[PDB]
């Protein structure tokens, strides 16, 4: 690893993923990243509810880091003095020392640099895990995805090549916002004051909200995902704490690695797939119809009532072969 070339990557905010190659002729590199932790109060719904949040790089989820199998990930993790809590990082893509958590314990005003070999292909959760407060830091927003692509790109069950033309990254967050005796959500002046009440809600195992990328409606309106008929999209879906069941309304998972590990053959033609709490999964879909799709958790209560739903706006020409309105709604004859 000390023999290898280094490259530095500039991360981009979700739902985008930083530019990268799929299949590559390049040999292994030490790939350098930096992330800066930001604790902040965030508004998470349409009625002004707040979360005392904790983030990698100021976003929920943290940005997606992309490397190739055999690369080394070298992350500089910075915890500014403006934060109140200690933090670290646990990469599910890494081997040893609790995913790196034991080697990256950073108090406010500190930083650390971790290297690990990305020797396994797939999408992998990374998350903060400070001793004694692991679930709180995770549910407050400290998670994201490391994608380790096979050096020769994605493959179908027969070993045929697969690709995407655009990648989107979706972090789904089960949130545990306490209420006061009046039945309204509590607003806390500081992160520390949210702790005890939040642990109580967590223990009920019932989320108050479940959101994609930090807020109800985050991936809707001006912020909807986009694509065009004929384009293949990769949808990366991470859930660091709780199970979810992604579904594309009007579409499918053409090829899905629901457990998120690319050396395994994908399943095809899925209506709904399953992302285990503590994992990231990946689905490919090639659009065949224009229009606005929903991409959601298909516990429809969790989607429509709690917030786990987004939109994809797709340009192109309608295909009557695939679907046709034979008779529009009209009075019963």
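Numbering follows the first chain given and starts at 1.
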item: Stretch with the greater mean C-alpha B-factor as recorded in the entry, comparing 27-35 against 273-281; value: 27-35
item: Comparing 202-210 with 110-118, the one whose average Cα B-factor in the PDB entry is higher; value: 110-118
item: Member of 54, 292, 301, 51 with the greatest C-alpha B factor (per the PDB record); value: 292
item: Residue selected from 259, 145, 140, 105 by maximal Cα B factor; value: 105
item: B-factor third for the C-alpha atom of residue 238 within its chain; value: lowest
item: Residue 13 CA temperature factor, ranked by third within the chain; value: middle
item: Position of residue 314 among the chain's modelled residues by C-alpha B-factor, lowest, middle or highest third; value: middle
item: Relative C-alpha B-factor of residue 165, binned into the chain's lowest, middle or highest third; value: middle
item: B-factor third for the C-alpha atom of residue 194 within its chain; value: middle
